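Below is one structure, written out as structure tokens; comments come after it.
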Amino acid sequence: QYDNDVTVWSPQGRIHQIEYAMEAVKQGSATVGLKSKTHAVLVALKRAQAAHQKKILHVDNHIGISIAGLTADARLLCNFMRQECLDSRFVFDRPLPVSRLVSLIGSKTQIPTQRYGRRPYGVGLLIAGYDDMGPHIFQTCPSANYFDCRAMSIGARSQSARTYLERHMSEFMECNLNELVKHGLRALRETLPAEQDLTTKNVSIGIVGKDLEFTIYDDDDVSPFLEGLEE
Amino acid sequence: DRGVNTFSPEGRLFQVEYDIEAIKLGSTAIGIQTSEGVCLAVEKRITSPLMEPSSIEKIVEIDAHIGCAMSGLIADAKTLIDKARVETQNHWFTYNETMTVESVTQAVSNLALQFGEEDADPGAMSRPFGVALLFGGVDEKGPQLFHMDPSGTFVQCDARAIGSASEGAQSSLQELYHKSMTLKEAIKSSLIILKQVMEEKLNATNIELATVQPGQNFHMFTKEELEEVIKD
Amino acid sequence: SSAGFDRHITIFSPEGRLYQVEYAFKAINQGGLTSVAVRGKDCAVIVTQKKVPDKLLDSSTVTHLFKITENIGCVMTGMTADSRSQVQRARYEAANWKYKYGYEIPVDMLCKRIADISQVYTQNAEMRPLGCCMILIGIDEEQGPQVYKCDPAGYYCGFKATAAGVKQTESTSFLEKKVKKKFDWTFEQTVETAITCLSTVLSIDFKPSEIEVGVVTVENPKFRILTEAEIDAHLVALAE
Amino acid sequence: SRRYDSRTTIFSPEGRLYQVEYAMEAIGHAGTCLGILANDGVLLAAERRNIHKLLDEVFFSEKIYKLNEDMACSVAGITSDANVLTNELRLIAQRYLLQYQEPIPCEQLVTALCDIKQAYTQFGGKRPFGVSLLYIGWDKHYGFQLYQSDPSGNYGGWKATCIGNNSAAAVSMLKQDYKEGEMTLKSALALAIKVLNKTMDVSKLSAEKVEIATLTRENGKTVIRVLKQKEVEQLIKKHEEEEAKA
Amino acid sequence: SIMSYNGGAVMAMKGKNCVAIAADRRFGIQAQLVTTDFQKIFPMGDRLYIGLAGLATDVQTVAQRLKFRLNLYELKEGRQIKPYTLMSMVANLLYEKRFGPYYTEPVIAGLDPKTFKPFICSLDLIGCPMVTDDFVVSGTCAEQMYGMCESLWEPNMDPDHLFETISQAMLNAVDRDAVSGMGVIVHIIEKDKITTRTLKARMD
Amino acid sequence: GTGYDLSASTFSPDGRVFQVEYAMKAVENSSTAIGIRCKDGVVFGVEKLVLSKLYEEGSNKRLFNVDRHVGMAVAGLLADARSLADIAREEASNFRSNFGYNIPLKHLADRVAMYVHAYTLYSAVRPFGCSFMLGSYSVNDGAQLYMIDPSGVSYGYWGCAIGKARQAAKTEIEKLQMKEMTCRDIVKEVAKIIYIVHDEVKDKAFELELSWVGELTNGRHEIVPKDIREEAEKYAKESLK
Amino acid sequence: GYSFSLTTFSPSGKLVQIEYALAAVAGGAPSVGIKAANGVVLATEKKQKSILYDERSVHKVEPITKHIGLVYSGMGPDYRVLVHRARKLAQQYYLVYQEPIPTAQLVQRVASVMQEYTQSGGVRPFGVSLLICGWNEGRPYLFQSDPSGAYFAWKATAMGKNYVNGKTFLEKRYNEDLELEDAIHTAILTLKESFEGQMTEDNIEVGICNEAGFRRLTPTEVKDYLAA
Amino acid sequence: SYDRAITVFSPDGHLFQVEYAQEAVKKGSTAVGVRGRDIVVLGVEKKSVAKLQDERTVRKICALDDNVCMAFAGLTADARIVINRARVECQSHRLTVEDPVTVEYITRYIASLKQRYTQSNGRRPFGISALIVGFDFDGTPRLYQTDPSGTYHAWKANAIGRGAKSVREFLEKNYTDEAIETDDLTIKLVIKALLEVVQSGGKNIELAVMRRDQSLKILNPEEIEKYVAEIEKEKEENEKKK
């Protein structure tokens, strides 16, 4: 049996434990993030089940995250990032960029995939930030592989949002802030069983840009972005 | 055989999914909050008419403003409670203020999935704790209640039951809640719920009751401060 | 016979054998190569077999012969990744010997250390024995030529003529026919007879591009491999 | 690194350990040993197994050992594992002397050992020791002392014991022919020579398949002496005569 | 210094087939008496004695550790120890602490249990053995006994003359030292007996 | 059961470390990263398979810069690739710090290979899943090209095509005489090969990635200018017709 | 490194790996050791399987010090380990007591090691039983150790491939009052019954322990003795 | 070192090592405890006397300190270790704090020790269930109990070891205030109880008694036989009543 351990390649070059971990991301509440020419947005769902846990965090004035896996292991990576940024500010006196941070995070996660008695982190992450070269959206998976995309989403039944975005891809880079918010919220709306509509007690949204340091909005400040819906 | 940090073909760890089934064997506990304090009630589950019931401590004090009820394995809990206390005091040592219930629950949860054979294991931790906790206390922003599982995913709530029969009782507790409900009605409702769910009887000895209402500190009900309300 | 985990690690079976080493001994026949070594009065020769199926490949890094030290040689067989480790180990040990004791290290002590290490693996289970051999040539002041060998079981011995690889049986069988009527083997009877053995074993009429040779002679002890112009001479010689 | 282990320390489904109660199964096929205490001394008898063209009498003895000026042991299991417990006991006694500058009582020395092989049943991963013993000694608090031990750190004092092959039949035949406080060192040896040939599988003793040691106190000093072939020959002959008296 | 914090003196001689050893029996702290029955000569086996002098705590510590090792040696294989082996063992024991040492100066005296050949030895603070046929001295009154034993000793000596020799020397050598005295103890060894004696000394 | 394939510290009766034979099956499933050497330097070439139209051009780079004069082109698992890249950078830094000059290529390849080899013996680890390449240029040594496998081997080469389409790229490079060609009549041939090898039936679309080292760049390892890449793609699309 | 024992008690109470190791010395190039009053004799047998092999490079009889010898029966590679360990312990004893180490103590310590390699982390027992000779205070000494850690003080024993048929042959010939001239004859003739083909010197090695130091006999001596 | 998981969960929680350790106690030696008004009684029994054993050596009633005693119903090697650790801690506590220990302190200590070995790597759980008794300050006799899991509860009259079920069933119907009135009465209860699990009469009993400031006691077979005959006479009288 090649399934019970993480140091056993299968006859077809497949480490089953990493796939079994990946299967933990396609069960949590969905999350979405897209990029513009000047700002970056992130949203969530907060599936209450009658209270539930939050789904967005703060890393630093110019970097924030959205999690879709095991909440216990996510705080670990969050702490790692906070400490790395604090160190870069203490030594060099400069905000750490996003690319080097995501590379560090990727290296941190490759080790347990190569030895005994360890397990891979079962959490996927969406990262939003801003630096000299503009905004940046990054994706992270259990396997130590990170991408750089214009728009992505993760969770259950996230295929519909992906299709809607691939169809609306050639519309960003010029929309305003609230237009981006509406686009994202109406893209997320498809990951529901055609029996519920987005409300204030479900949606949580974070926003970062060249003029604002990753502000988050709670259930009581999301209403302004709900007007302008359809069926 | 298998290991302790091994996944299943569902994204679910194994030891945790197995331990959660242990709490289905423990006794029941109920925790409620309101606008003027919280309430915690618990069951004892006596076995013989020779055990000293005053020795069963299921509702302990973390500090003057925090509490805790526990279910599952009463043993594995003794390692966490202390930790909490310690943390709190250290806070007061460095900042001269009181710790939040969110902070306490987070610090406790950070110690849940620390287990494995790779490390030298000076802490010797080899498996997860089978317990379910229910905190409660006053803070800088009104009273708070929380819930913790053996996986470290604490989430705030308004009224929650845990234990063996914490499946149908949650429904009854879901019906009888209004934001403007007071403390007395909550206490009576929890008591009648425990009566309908309990098997033997409802005496002022087979229960523990506690409150953290603002202005006052943690309090445990006496044998005489209880029966005066059971006369319904 | 067999019982338990006696085929998967280094432990004794009922009959008393270690099956893991009997398995590792088959690793050499994977690479499908062969090699030999002999010596005479004032020389020590080692020959091998070279192959190159592809044409897009620099035929300068493809060599099984290495230089342990200015006065010693070595030939490897079997796997190609575990041999380089052994070579680095030999070099380190020799340099440390000369740094600690003040004079060069002989061949005997080198073979001894290598065999000690290679045996340490036939006791513990966490590790596995390496699939490779090691056959050394060196000149001393008293006994003169010296040929030595090692196997993946801890053994080590001195030889007058030996072979290794996949055709070791027939090679040594042919070798133990000439030592009976032995004669003065100065320089031309060691290389000639080695190549004759290889040919009679394979019967392919070798050319001057598929062989490497290394020589040490009392006159010039330093290790030196060869130039193709030299091999052409010997080939045109014994081809008469 | 998990499909090669037996875990070496595991409660069986019935609450019993298996390796210990196995080693106890081999203990019952080793050299028969017997121990008696008498009002004026303590005697320790043993049976040998090697009979060949050997270099006998090369050491003090083959099964009896020494631990201090006033102690001795008669281990009856695996020899390789026993050659180290004697070292441990000597170390212990010398440390006790170094610290308190007095001879070590025997019970302390037995306990400090029964604790060394208890960890081998709980921690580690190692097979335990497979030897049971029989200690004799003298102290100023309780006088003469004979003690026992077992593979899992379990010990108990006695008046008269036997361990090894056929120890049960001996313990049975011995609890009847033993007078309480009505014994000496002259009849104890006789009862020993009796039970040994009543238990041993050989038709009779040749004084070469046996061994005996006596511990006594003579003018303050303590003497631990082994008997020569002549003494045991006289003893077996007197036993033969006494039996002939019936 | 630290060596003379308490005070001590020991000597040993050699004869025909019998050796001798002697010592003083005072204990004090740098100017003051405490007791006059201090033991400095210890038996390491039969027909083999050792005497230490210097710091008292190190005296006792060395005695104890030496008894430890010697008992373990005797139990391991059954043989009474030889003197030269003891010399080497004490050398090792004192050199293991080259940095942070003891402050004792041992003196060994015994025979050989195969020919009864006498033997005496003196070590140093760190283990520099010096075998001498004449005699050996160790303590604070060393130059008062060197010049005393170099003027009376003779090659062959009967037991009685050996006892009358070592005694006068020791007494008239300690009578010129202030941190050593208040009694003398002598031990004479023979092929089949040992005789222990105490002398008449001044208590000033 | 058999259990002969669940650990590296285990030889199969015939003599085989099956775990490495398994790990080297991942490379056979990844895309191609051919690279060839000329009289003036080295030239790599890689095809990146865009899976979805959301990712940007410039993600999942398979071309790393190990030192001022050294590059890497990888294939297989990329996490292990980045690990090895930082390993190599560390080695070269330590060397330049100890001795005092730029590290050659033979030594670097030998060190990296002896590193990756330490994982094919013990039961506490698993062999890697990436086969990579290295290339450099100098005025004293010249052009140098090497390749490393997951087993710890390191051989020289004139041109290698590690990946899925090995035999095809090999037999298509054989029809070439780069030993007579310079460092400009070559890139277009790289593009022609990468285009003729890839198929549009099993995969939809892809993107090209090139590199450079030699006299055109004066030692430094740099990306190809956009105009040169455009010329190359133009020739490739004109010849595919 | 693995930390757990691979030798364990069976249901019947016996350690089975020790038996399986004891089955290795069965094929171990038969050896022989004989005791006399003026010294002791040790004699091995060699199995060179080719004329191409060498002879003056491989040695089974390796000395420990100026008065103690050694020989084995079983795995060669696992014998140099014990040789080195013993040569270390001898020098330690010397440095401590400034006197050559007796024989019995050496056997004790070697057996202690051979037993410590019996319940440690991730190892197996050795595959050899040694035979060691010595001279002390005017008396010879012969000892035999086992892979379990137990040593006996034997007197003209034998082990190897045909030991059950080599000790009965050795029982009916040991007079106990022999000189160091015919004990060698007896040693040779014993293994002469367990030898296939024509015998010679190159197929044999010998060593003796008299009151001058452990020695190994050169081919000239073995040839002289081989002449009846 | 050894870092492996020995005790682990199961599809029903069901830690197996503890469930197994609890089976040895079901075959060990019976023990009984009683908390009277001004006395405490321990009646460990089930002794297998062979007539050639020094009663001192194998006892099973031990003193951890002048205030506290103890009895156990399982493996002895482990019980000795536990008792030694507990004595050490009692002395350390008397050192730091200038007053002796209390029953609850040492009971909680032992419980934590028992639980640590159900979570640590390379360790195996204990196989004993103790029965502690003591006299806190201001009198207040105290009887506690413990299991190999790490729990502990205060009982009035509990029994362990084999046959403890019948003992508990018999005791829960006989322990009364009007039955406990004097020192001589508390003891008779223990003998009547043990008479059931008893095999061949009062040949196997090691009774003791703790009172205010005696610090221990053990009875000789004379008074044991006297009490046995008194119980027999009471039984005869009661039978005549029925």
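Following the order of the structure tokens, chains are lettered A, B, ..., residues in each are numbered from 1, and ligands are numbered from 1.
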Non-local contacts of residue D:46 (8 Å; only C-alpha atoms; under 4 positions in same chain excluded) as an MDAnalysis selection string
chainID D and resid 31:34 63 74 210:212
File of the preceding selection, N, CA, C and O atoms, as a PDB file, in the first residue's frame:
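File produced: selection.pdb:
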```
ATOM      1  N   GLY D  31      20.088 -24.234  34.982  1.00  0.00           N
ATOM      2  CA  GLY D  31      20.694 -24.974  36.069  1.00  0.00           C
ATOM      3  C   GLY D  31      19.906 -24.915  37.358  1.00  0.00           C
ATOM      4  O   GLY D  31      19.699 -23.837  37.922  1.00  0.00           O
ATOM      5  N   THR D  32      19.463 -26.075  37.831  1.00  0.00           N
ATOM      6  CA  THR D  32      18.752 -26.148  39.098  1.00  0.00           C
ATOM      7  C   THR D  32      19.570 -25.501  40.205  1.00  0.00           C
ATOM      8  O   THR D  32      20.765 -25.768  40.349  1.00  0.00           O
ATOM      9  N   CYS D  33      18.919 -24.648  40.988  1.00  0.00           N
ATOM     10  CA  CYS D  33      19.544 -23.989  42.120  1.00  0.00           C
ATOM     11  C   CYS D  33      18.615 -24.069  43.319  1.00  0.00           C
ATOM     12  O   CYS D  33      17.389 -24.073  43.179  1.00  0.00           O
ATOM     13  N   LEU D  34      19.218 -24.124  44.504  1.00  0.00           N
ATOM     14  CA  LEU D  34      18.487 -24.317  45.742  1.00  0.00           C
ATOM     15  C   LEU D  34      19.165 -23.503  46.831  1.00  0.00           C
ATOM     16  O   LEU D  34      20.389 -23.353  46.842  1.00  0.00           O
ATOM     17  N   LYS D  63      29.037 -21.127  38.712  1.00  0.00           N
ATOM     18  CA  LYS D  63      27.719 -20.541  38.913  1.00  0.00           C
ATOM     19  C   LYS D  63      27.634 -19.614  40.113  1.00  0.00           C
ATOM     20  O   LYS D  63      26.780 -18.727  40.128  1.00  0.00           O
ATOM     21  N   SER D  74      23.516 -16.693  42.911  1.00  0.00           N
ATOM     22  CA  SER D  74      23.445 -18.014  42.285  1.00  0.00           C
ATOM     23  C   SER D  74      22.556 -17.988  41.042  1.00  0.00           C
ATOM     24  O   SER D  74      21.651 -18.807  40.884  1.00  0.00           O
ATOM     25  N   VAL D 210      27.507 -31.236  40.741  1.00  0.00           N
ATOM     26  CA  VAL D 210      26.920 -30.504  41.854  1.00  0.00           C
ATOM     27  C   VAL D 210      27.863 -29.374  42.246  1.00  0.00           C
ATOM     28  O   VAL D 210      28.991 -29.274  41.759  1.00  0.00           O
ATOM     29  N   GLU D 211      27.377 -28.512  43.133  1.00  0.00           N
ATOM     30  CA  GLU D 211      28.209 -27.489  43.742  1.00  0.00           C
ATOM     31  C   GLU D 211      27.495 -26.951  44.969  1.00  0.00           C
ATOM     32  O   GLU D 211      26.264 -26.903  45.013  1.00  0.00           O
ATOM     33  N   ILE D 212      28.283 -26.533  45.956  1.00  0.00           N
ATOM     34  CA  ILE D 212      27.756 -26.071  47.233  1.00  0.00           C
ATOM     35  C   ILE D 212      28.609 -24.916  47.731  1.00  0.00           C
ATOM     36  O   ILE D 212      29.818 -24.861  47.497  1.00  0.00           O
TER      37      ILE D 212
END
```
With a distance cut-off of 10 Å and only C-alpha atoms, select the neighbouring residues of residue D:143, excluding the residue or stretch itself and same-chain residues fewer than 5 positions from it, and output the selection as JSON, numbers by chain.
{"D": [39, 41, 137, 138]}
Could you write out that same residue set with C-alpha atoms as a PDB file, in the first residue's frame?
```
ATOM      1  CA  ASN D  39      20.148 -20.745  62.493  1.00  0.00           C
ATOM      2  CA  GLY D  41      24.575 -20.032  58.501  1.00  0.00           C
ATOM      3  CA  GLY D 137      24.109 -12.343  52.785  1.00  0.00           C
ATOM      4  CA  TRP D 138      24.417 -11.176  56.368  1.00  0.00           C
TER       5      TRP D 138
END
```
Using DSSP on the backbone, list every residue of stretch 14-126 of chain E that comes out as strand (DSSP E), and give them as a short mmCIF file (atom, residue, chain, number, x, y, z; two decimals) with N, CA and C atoms, in the first residue's frame.
```cif
data_model
loop_
_atom_site.label_atom_id
_atom_site.label_comp_id
_atom_site.auth_asym_id
_atom_site.auth_seq_id
_atom_site.Cartn_x
_atom_site.Cartn_y
_atom_site.Cartn_z
N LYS E 14 63.73 0.83 53.82
CA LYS E 14 63.85 -0.53 53.32
C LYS E 14 64.97 -1.24 54.06
N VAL E 19 60.28 -4.20 55.35
CA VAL E 19 60.17 -2.77 55.15
C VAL E 19 59.49 -2.15 56.36
N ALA E 20 59.44 -0.82 56.37
CA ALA E 20 58.84 -0.10 57.49
C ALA E 20 58.17 1.15 56.96
N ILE E 21 57.24 1.68 57.76
CA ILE E 21 56.60 2.95 57.45
C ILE E 21 56.23 3.63 58.76
N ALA E 22 56.19 4.96 58.73
CA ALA E 22 55.94 5.73 59.93
C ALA E 22 55.21 7.02 59.57
N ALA E 23 54.58 7.61 60.57
CA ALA E 23 53.86 8.86 60.35
C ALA E 23 53.56 9.54 61.67
N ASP E 24 53.13 10.79 61.58
CA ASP E 24 52.67 11.57 62.72
C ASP E 24 51.15 11.61 62.75
N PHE E 27 46.28 16.77 63.94
CA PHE E 27 45.33 17.43 63.06
C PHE E 27 45.07 18.83 63.58
N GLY E 28 45.24 19.82 62.71
CA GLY E 28 45.05 21.20 63.12
C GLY E 28 44.82 22.09 61.93
N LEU E 33 45.66 23.02 67.40
CA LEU E 33 45.36 21.60 67.52
C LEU E 33 43.85 21.38 67.62
N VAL E 34 43.41 20.24 67.10
CA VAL E 34 42.02 19.80 67.23
C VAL E 34 41.94 18.40 67.82
N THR E 35 42.80 17.49 67.35
CA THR E 35 42.82 16.13 67.87
C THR E 35 44.16 15.50 67.51
N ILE E 41 47.85 6.39 57.52
CA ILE E 41 48.37 5.16 56.93
C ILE E 41 47.21 4.19 56.76
N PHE E 42 46.99 3.75 55.52
CA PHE E 42 45.89 2.87 55.17
C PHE E 42 46.40 1.58 54.55
N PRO E 43 45.80 0.44 54.90
CA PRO E 43 46.22 -0.83 54.30
C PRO E 43 45.52 -1.11 52.98
N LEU E 48 51.01 -4.48 52.29
CA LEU E 48 51.04 -3.35 51.37
C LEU E 48 50.29 -2.19 52.01
N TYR E 49 51.00 -1.10 52.30
CA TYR E 49 50.45 0.05 52.99
C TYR E 49 50.73 1.32 52.20
N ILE E 50 49.89 2.33 52.44
CA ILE E 50 50.02 3.62 51.76
C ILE E 50 49.80 4.74 52.76
N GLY E 51 50.65 5.76 52.70
CA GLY E 51 50.55 6.92 53.56
C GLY E 51 50.45 8.20 52.78
N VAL E 107 52.91 7.92 49.55
CA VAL E 107 54.09 7.11 49.82
C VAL E 107 53.61 5.67 49.97
N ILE E 108 54.21 4.75 49.22
CA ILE E 108 53.77 3.36 49.19
C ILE E 108 54.88 2.47 49.70
N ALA E 109 54.51 1.43 50.45
CA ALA E 109 55.49 0.50 51.00
C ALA E 109 54.89 -0.90 51.10
N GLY E 110 55.57 -1.88 50.53
CA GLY E 110 55.08 -3.24 50.63
C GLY E 110 56.07 -4.24 50.11
N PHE E 119 59.69 -3.17 48.53
CA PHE E 119 59.45 -2.12 47.55
C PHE E 119 58.88 -0.90 48.25
N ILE E 120 59.40 0.28 47.90
CA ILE E 120 58.90 1.55 48.42
C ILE E 120 58.91 2.57 47.29
N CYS E 121 57.96 3.49 47.33
CA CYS E 121 57.82 4.48 46.27
C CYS E 121 57.26 5.78 46.83
N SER E 122 57.60 6.88 46.16
CA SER E 122 57.07 8.20 46.47
C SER E 122 56.64 8.87 45.18
#
```
Find the nearest atom pair between each residue of chain B and chain D for residues within 10 Å, count only C-alpha atoms, give distances in Å to one decimal, sort rows by chain and ascending number, and present the table as a tab-separated table.
```
residue	atom	partner	partner_atom	distance
B:1	CA	D:3	CA	7.8
B:2	CA	D:2	CA	8.5
B:3	CA	D:2	CA	9.0
```
Same residues, N, CA, C and O atoms, saved as a PDB file, in the first residue's frame:
```pdb
ATOM      1  N   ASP B   1      -0.540  -1.051   9.597  1.00  0.00           N
ATOM      2  CA  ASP B   1      -0.660  -0.008  10.607  1.00  0.00           C
ATOM      3  C   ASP B   1      -0.615   1.367   9.954  1.00  0.00           C
ATOM      4  O   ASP B   1      -0.500   1.481   8.736  1.00  0.00           O
ATOM      5  N   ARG B   2      -0.706   2.413  10.771  1.00  0.00           N
ATOM      6  CA  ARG B   2      -0.724   3.777  10.267  1.00  0.00           C
ATOM      7  C   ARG B   2      -0.103   4.702  11.301  1.00  0.00           C
ATOM      8  O   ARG B   2       0.195   4.299  12.428  1.00  0.00           O
ATOM      9  N   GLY B   3       0.080   5.958  10.901  1.00  0.00           N
ATOM     10  CA  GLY B   3       0.649   6.963  11.768  1.00  0.00           C
ATOM     11  C   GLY B   3      -0.409   7.871  12.358  1.00  0.00           C
ATOM     12  O   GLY B   3      -1.608   7.721  12.132  1.00  0.00           O
TER      13      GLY B   3
END
```
Given only C-alpha atoms, how would the per-residue table for stretch 97-141 of chain F near stretch 42-57 of chain F read, listing every residue at most 9 Å away with its closest atom pair and distance in Å to one decimal, sorted by chain and number, as a tab-separated table?
```
residue	atom	partner	partner_atom	distance
F:135	CA	F:42	CA	6.3
F:136	CA	F:42	CA	6.9
F:137	CA	F:42	CA	7.5
```
Just-selected residues, N, CA and C atoms written as a PDB file, in the first residue's frame:
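Output (result-v2.pdb):
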```pdb
ATOM      1  N   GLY F 135      24.603  25.337 -17.459  1.00  0.00           N
ATOM      2  CA  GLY F 135      25.430  25.807 -18.556  1.00  0.00           C
ATOM      3  C   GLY F 135      26.169  27.072 -18.185  1.00  0.00           C
ATOM      4  N   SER F 136      27.355  27.236 -18.766  1.00  0.00           N
ATOM      5  CA  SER F 136      28.196  28.386 -18.459  1.00  0.00           C
ATOM      6  C   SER F 136      29.163  28.640 -19.605  1.00  0.00           C
ATOM      7  N   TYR F 137      29.796  29.812 -19.546  1.00  0.00           N
ATOM      8  CA  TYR F 137      30.785  30.242 -20.521  1.00  0.00           C
ATOM      9  C   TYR F 137      31.893  30.985 -19.791  1.00  0.00           C
TER      10      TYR F 137
END
```
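Neighbouring residues of residue A:175 at 12 Å or closer, counting only C-alpha atoms and skipping chain neighbours under 3 positions away, are residues 34, 35, 36, 37, 38, 39, 40, 168, 169, 170, 171, 172, 178, 179, 180, 181, 182, 183 and 184 of chain A.
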Determine, counting only C-alpha atoms, which protein, DNA and RNA residues have an atom within 12 Å of an atom of residue G:168; residues of the same chain fewer than 5 positions away are not included. Present the result as a JSON list (two decimals) with N, CA and C atoms, in the first residue's frame.
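Below is the file that was written, out_21.json:
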```json
[["chain", "number", "residue", "atom", "x", "y", "z"],
["D", 52, "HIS", "N", 32.74, -32.71, 30.35],
["D", 52, "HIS", "CA", 33.58, -33.00, 29.19],
["D", 52, "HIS", "C", 35.04, -32.89, 29.62],
["D", 53, "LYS", "N", 35.95, -32.93, 28.65],
["D", 53, "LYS", "CA", 37.37, -32.68, 28.88],
["D", 53, "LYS", "C", 37.62, -31.17, 28.91],
["G", 156, "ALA", "N", 41.88, -28.28, 24.67],
["G", 156, "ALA", "CA", 41.90, -29.06, 23.45],
["G", 156, "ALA", "C", 40.49, -29.26, 22.90],
["G", 157, "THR", "N", 39.88, -28.15, 22.51],
["G", 157, "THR", "CA", 38.59, -28.16, 21.84],
["G", 157, "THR", "C", 38.76, -27.95, 20.34],
["G", 158, "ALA", "N", 37.64, -28.01, 19.63],
["G", 158, "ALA", "CA", 37.64, -27.79, 18.19],
["G", 158, "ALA", "C", 36.27, -27.28, 17.77],
["G", 159, "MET", "N", 36.25, -26.48, 16.70],
["G", 159, "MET", "CA", 35.02, -25.93, 16.17],
["G", 159, "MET", "C", 35.19, -25.68, 14.68],
["G", 162, "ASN", "N", 33.29, -29.77, 11.05],
["G", 162, "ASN", "CA", 33.21, -31.15, 11.51],
["G", 162, "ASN", "C", 33.68, -31.27, 12.96],
["G", 163, "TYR", "N", 33.16, -30.40, 13.82],
["G", 163, "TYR", "CA", 33.61, -30.37, 15.21],
["G", 163, "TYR", "C", 33.07, -31.55, 16.01],
["G", 173, "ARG", "N", 43.09, -38.98, 22.42],
["G", 173, "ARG", "CA", 44.50, -38.77, 22.13],
["G", 173, "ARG", "C", 45.18, -37.76, 23.04],
["G", 174, "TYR", "N", 44.44, -37.04, 23.88],
["G", 174, "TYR", "CA", 45.01, -36.02, 24.74],
["G", 174, "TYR", "C", 45.56, -36.67, 26.00],
["G", 190, "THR", "N", 44.22, -33.79, 13.04],
["G", 190, "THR", "CA", 42.78, -33.66, 13.26],
["G", 190, "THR", "C", 42.09, -33.07, 12.04]]
```
Using DSSP on the backbone coordinates, identify all residues within stretch 113-161 of chain D classified as alpha helix (DSSP H); present the result as a ChimeraX atom specification.
/D:113-114,119-122
If we count only C-alpha atoms, what is near residue F:155 at a cut-off of 7 Å, once residues fewer than 4 positions away on the same chain are taken out, given as JSON, numbers by chain?
{"C": [61, 62], "F": [146, 147]}
Which residues come within 8 Å of residue F:180, counting only C-alpha atoms, excluding same-chain residues fewer than 3 positions away, as number ranges by chain?
F: 38-39, 177
Leaving out residue F:18 and any residue of its chain fewer than 6 positions from it, which residues lie within 10 Å of it when counting only C-alpha atoms, given as a count of residues only?
11
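For the pair atom CA of residue F:91 and atom CA of residue F:129, the interatomic distance is 20.9 Å.
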Counting only C-alpha atoms, which residues from chain H have an atom at most 7 Å from any atom of chain B, and could you show them as a VMD selection string?
chain H and resid 3 to 5 8 to 13 119 to 121 150 to 151 153 to 157 172
Could you list, with a cut-off of 10 Å and counting only C-alpha atoms, the residues of chain E near chain G, each shown with its nearest atom pair and the distance in Å rounded to one decimal, rows sorted by chain and ascending number, as a Markdown table?
```
| residue | atom | partner | partner_atom | distance |
| --- | --- | --- | --- | --- |
| E:76 | CA | G:105 | CA | 8.4 |
| E:77 | CA | G:105 | CA | 7.9 |
| E:84 | CA | G:97 | CA | 8.4 |
| E:85 | CA | G:97 | CA | 5.3 |
| E:86 | CA | G:97 | CA | 7.8 |
| E:87 | CA | G:97 | CA | 8.5 |
| E:88 | CA | G:97 | CA | 5.5 |
| E:89 | CA | G:97 | CA | 6.0 |
| E:90 | CA | G:97 | CA | 9.6 |
| E:91 | CA | G:96 | CA | 8.8 |
| E:92 | CA | G:96 | CA | 6.6 |
| E:93 | CA | G:96 | CA | 9.4 |
```
